[PDB]
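*Asks:* What follows is a structure written as structure tokens; I'll ask about it next.
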Amino acid sequence: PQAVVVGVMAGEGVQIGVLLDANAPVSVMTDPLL
Amino acid sequence: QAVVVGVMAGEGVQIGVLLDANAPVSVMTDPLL
């Protein structure tokens with residue numbers, strides 16, 4: 001339960017699979033994710 | 001030479017740490033832990 005894998009959609013249509021931290025607040029991940 | 005980075009830990013707690021620029025990660029992940 002410490003992490004979750006999800007697909008992130010980006011510009012013009014690319015889908016990328018990523019393993020995210022399940023408990024950190026979302027605002028902390030958006031920058032490095034970009 | 002050195003660098004400072006935000007190290008995330010348990011339950012997502014944010015911590016700030018200073019690390020060497022040239023040493024490999026394997027020799028620093030242990031004392032950092």
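Scheme for the structure tokens: letters A, B, ... for chains in order shown; per-chain residue numbers from 1; ligand numbers from 1 in order shown.
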Residues of chain A within 12 Å of chain B, using only C-alpha atoms, as a PyMOL selection string?

*Replies:* chain A and resi 1-3+20-29+32

*Asks:* DSSP on the backbone, then: every residue of chain A marked strand (DSSP E or B), written as a PyMOL selection string.

*Replies:* chain A and resi 3-9+15-21

*Asks:* Store the residues picked out above, limited to C-alpha atoms, as a PDB file, in the first residue's frame.

*Replies:*
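Output (part_13.pdb):
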ATOM      1  CA  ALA A   3       2.937   2.967  -3.647  1.00  0.00           C
ATOM      2  CA  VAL A   4       0.575   2.855  -6.637  1.00  0.00           C
ATOM      3  CA  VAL A   5       1.202   2.464 -10.383  1.00  0.00           C
ATOM      4  CA  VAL A   6      -0.829   4.711 -12.710  1.00  0.00           C
ATOM      5  CA  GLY A   7      -0.859   5.952 -16.311  1.00  0.00           C
ATOM      6  CA  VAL A   8      -0.314   9.709 -16.825  1.00  0.00           C
ATOM      7  CA  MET A   9      -1.531  11.464 -19.993  1.00  0.00           C
ATOM      8  CA  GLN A  15       0.390   8.014 -22.206  1.00  0.00           C
ATOM      9  CA  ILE A  16       3.193   7.073 -19.752  1.00  0.00           C
ATOM     10  CA  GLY A  17       3.125   4.447 -16.963  1.00  0.00           C
ATOM     11  CA  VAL A  18       4.528   5.624 -13.589  1.00  0.00           C
ATOM     12  CA  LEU A  19       4.864   4.335  -9.984  1.00  0.00           C
ATOM     13  CA  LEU A  20       3.841   7.122  -7.556  1.00  0.00           C
ATOM     14  CA  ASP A  21       4.204   7.570  -3.781  1.00  0.00           C
TER      15      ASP A  21
END

*Asks:* Could you list, as a list in words, every residue within 8 Å of residue B:20, counting only C-alpha atoms and ignoring same-chain residues fewer than 6 positions away?

*Replies:* residues 1, 2 and 3 of chain B

*Asks:* Create the file for the chosen residues now, containing C-alpha atoms and written as an mmCIF file, in the first residue's frame.

*Replies:*
data_model
loop_
_atom_site.group_PDB
_atom_site.id
_atom_site.type_symbol
_atom_site.label_atom_id
_atom_site.label_comp_id
_atom_site.auth_asym_id
_atom_site.auth_seq_id
_atom_site.Cartn_x
_atom_site.Cartn_y
_atom_site.Cartn_z
ATOM 1 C CA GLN B 1 31.446 20.529 -4.585
ATOM 2 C CA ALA B 2 28.073 19.546 -3.106
ATOM 3 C CA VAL B 3 24.323 19.558 -3.726
#

*Asks:* Go through chain A and collect every residue that DSSP, computed from the backbone, puts in helix (DSSP H, G or I); the answer should be as number ranges by chain.

*Replies:* A: 11-13, 26-28, 30-33

*Asks:* Give me, please, the distance in Å between atom CA of residue B:15 and atom CA of residue A:31, quoted to one decimal.

*Replies:*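 Here the two named atoms are 16.9 Å from each other.
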
*Asks:* As a list in words, please: the residues near residue B:4 (cut-off 12 Å, only C-alpha atoms, same-chain neighbours under 4 positions excluded).

*Replies:*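 The contact residues come out as residues 15, 16, 17, 18, 19, 20 and 21 of chain B.
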
*Asks:* How far is it from atom CA of residue B:27 to atom CA of residue A:34, in Å with one decimal?

*Replies:*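 Straight-line distance from atom CA of residue B:27 to atom CA of residue A:34 works out to 29.1 Å.
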